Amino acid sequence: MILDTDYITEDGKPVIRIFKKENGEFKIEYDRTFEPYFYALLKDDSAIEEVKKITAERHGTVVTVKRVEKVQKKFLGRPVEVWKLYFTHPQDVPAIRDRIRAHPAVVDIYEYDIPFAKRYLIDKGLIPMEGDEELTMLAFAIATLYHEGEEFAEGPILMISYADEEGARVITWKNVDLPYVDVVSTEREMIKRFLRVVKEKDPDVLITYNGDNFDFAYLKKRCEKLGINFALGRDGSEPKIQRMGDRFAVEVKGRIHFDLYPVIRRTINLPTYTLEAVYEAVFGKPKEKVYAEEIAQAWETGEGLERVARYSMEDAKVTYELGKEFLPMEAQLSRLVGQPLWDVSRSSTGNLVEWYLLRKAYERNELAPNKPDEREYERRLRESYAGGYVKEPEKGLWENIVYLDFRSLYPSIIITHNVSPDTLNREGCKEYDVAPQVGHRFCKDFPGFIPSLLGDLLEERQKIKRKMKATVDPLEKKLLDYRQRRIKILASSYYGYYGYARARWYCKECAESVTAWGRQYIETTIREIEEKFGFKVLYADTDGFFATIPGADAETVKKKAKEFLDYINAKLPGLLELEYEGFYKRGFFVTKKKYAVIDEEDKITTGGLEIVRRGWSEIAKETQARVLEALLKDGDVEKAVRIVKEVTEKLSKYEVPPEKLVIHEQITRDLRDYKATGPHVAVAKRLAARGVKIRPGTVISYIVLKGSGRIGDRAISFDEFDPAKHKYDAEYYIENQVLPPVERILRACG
């Protein structure tokens, strides 16, 4: 099984290293035969003699073209002649590629920014995480104090906990009387003892929770401060903190640092992504949290450290347990894209698609299009196109509602109509499909590039859903639900990639064709079910709609909808198909993207309401839920009013826990780049001045204090909140949090 690749330099020449686990043994393979290269499109073949003359420099040594070879390839499925330009070292490519492109005889250059080690995985056709090998995993976490004004790594690590299949232990240099705590003398010994533990256990995988920016980065930053040779790599090297543009990431040669945090970010949508919140969401059990205030007190007083040692142990314990569940799903994703788990587990979804596209392109001798420069990137960001069809919903309460939904609409459209950049307005074909409204044409004589890849993803999603019905255990069902959602996000990201300004295979024409087809399919389907079947469509969005036969009983609507399904599915071509997605007794639709229905089991599912949205306090989420209960279940408009007025009286008497009072909101950019400053940004700008690092992705949890003026002026983070000292704004939570969400359900006056 391939674990990762990198390269080292030997006698000025690159040497690929292939880290593998084969038959339960770690191994490094060496390849000194791979030459860095990129392509050049020349106006005339005779110019190759001038192109060979172009030189450049890096750190004193001159960079030359080592060798050239004229190859025949395809660009968007059309034959093209280009020159393969070879070079001695990978670092030569960034130094000379610009000067090579600007030559007047060079039309363009291609595939000039592929990292050497990942270029190797594609060209030689290796797939990481392939094969039947069991990987050993070891989680760890550190406990570290931080005063107001302390810099990075200036504080000592108090505790280093770790966990695997054999249990969990804590290492510390203060005496704690616990059978899973090993008390050493100093911090250096504790760090050295941890180094010995990992070398002894020799895990293939090191699991952390946001260790890229905290635990692993701190531990290494401390090892440089005390002068500890933290030889963690299996090649005898130290963990290396890697600059990843805005963020940093920790790599350990020969192992795999699995940082669960970025994985969890793009799998589960949570209000906050603390280790405690993630554990409860995944395993359905709560996890107590010990805050830096109690760790500072227990460290200073010397009492209650057993409570802290327990917290530290559980950090590593739940990190192993979470890592145990999410590593195989990330491994399968690594197998598809054909890139190492270390990279795949930290990549954006757009990057995963492109790397897979790059591999597939090489497989078919297709020259890759280049990423856009700064100007073309700005142009694509400025252009857009029409999206999903949305219908203003029918107001009032409706009964016997059926929800009909298209199955993987956008991928189905891409496959069925062969929407791809190599098929768009392609001349010389005998059959075309014409995109409605926009009029783009797509060749159908051969499977298009992206359409030829989407089928397997859809089949992979249905197989997981098949297992979901055969799943008895509720935990395996939840994890399967995660997996099929990740595939659905990935498959639909192929459509979105077409509109991604940074995409190599950018295709605005493809993206607006998919939506146009999606609009025509859902709109004509609505017309058909209404005019031919007497249904009344209550609410419709991009690929699905709610409908009913007004006045007909539950069974009648239920069977006419099934009859309608067979009727249009025989009319729809290719992979397009409507699904019977669910039946609901009653329901109503407040506005676009906001609704709530109740099923035959009296379970109330909602869409787009404040119940699921981040930014609304829990007492606001709770009050809307109970009002929806009194409406959709009991049908008591007056009961919901009594719930609201009673909750508002709880707020005025300060009878509410400040826990139900927290507002969560995320930063989406650099704090210096915010034009306007909202409450979560005003708070975030404060913690930025207090030393707490805030970056795109940080979730602020604040409470609004009693005052008059801007909300951001009286906002305070939940950490520093003291219920005895601080008094929240009772009027704000009544009038701005609790009341508007329930008011907007104004079927009756209020």
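Note that residue numbering begins at 1 and tracks the sequence as displayed.
Averaged over CA atoms, B-factors in the entry run higher in 627-635 than in the other of 439-447 and 627-635. Stretches compared: 603-611, 419-427. Higher mean C-alpha B-factor in the entry: 603-611.
Between the residues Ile413, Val107, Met244, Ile264, it is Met244 that shows the highest Cα B-factor in the PDB record. Going by the entry's values, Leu145 shows the largest Cα B-factor out of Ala547, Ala316, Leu358, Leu145. Remark: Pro14 belongs to the lowest third of its chain, ranked by C-alpha B-factor as recorded. Ranked by Cα temperature factor within the chain, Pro179 sits in the middle third according to the deposited record. Ranked by Cα temperature factor within the chain, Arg461 sits in the middle third according to the deposited record. The entry lists a Cα temperature factor for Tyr654 that places it in the highest third of the chain's modelled residues. The entry lists a Cα temperature factor for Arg67 that places it in the middle third of the chain's modelled residues.
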